[PDB]
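Each remark here refers to the structure printed beneath this line.
Cβ atoms come from the backbone with ideal geometry, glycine included; neighbour counts cover every protein chain shown. Throughout, read-outs are computed from the coordinates displayed, never taken from laboratory work.
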Amino acid sequence: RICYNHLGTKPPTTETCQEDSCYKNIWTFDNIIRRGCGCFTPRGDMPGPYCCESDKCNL
């Protein structure tokens, strides 16, 4: 659905996707935070990223 596509420091913008969820985690590759659609990959208690089930919910 419409989730946030803001990339850590990159310019923050929303992005429509298929997963009604929105994943926003600090773990990434070159940047740091990344808001997308769905949940992160290593879901668990060790990591503390942010997944959600609403549009633009990972702001």
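Where nothing but the Cβ of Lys and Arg (+1) and of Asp and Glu (-1) is charged, how large is the charge dipole of the chain around its Cα centre, in debye to the nearest 20? In total the dipole reaches around 160 debye. Note on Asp55 and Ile32: their simple-model spin labels are 3.0 nm apart, each label 7 Å out from Cα toward Cβ. Distance from a point 7 Å along Cα→Cβ of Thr9 to each backbone N in the stretch 30-59: keep the residues under 13 Å and list them by number. Only 30-33 fall inside the zone, counting backbone N under 13 Å.
Going 7 Å from the Cα of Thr16 toward and past its Cβ, which residues in the stretch 27-59 have a backbone nitrogen under 17 Å from where you end up? Within reach of a label on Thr16, which here means backbone N under 17 Å from a point 7 Å along Cα→Cβ, the stretch 27-59 contributes 36-38, 54-57.
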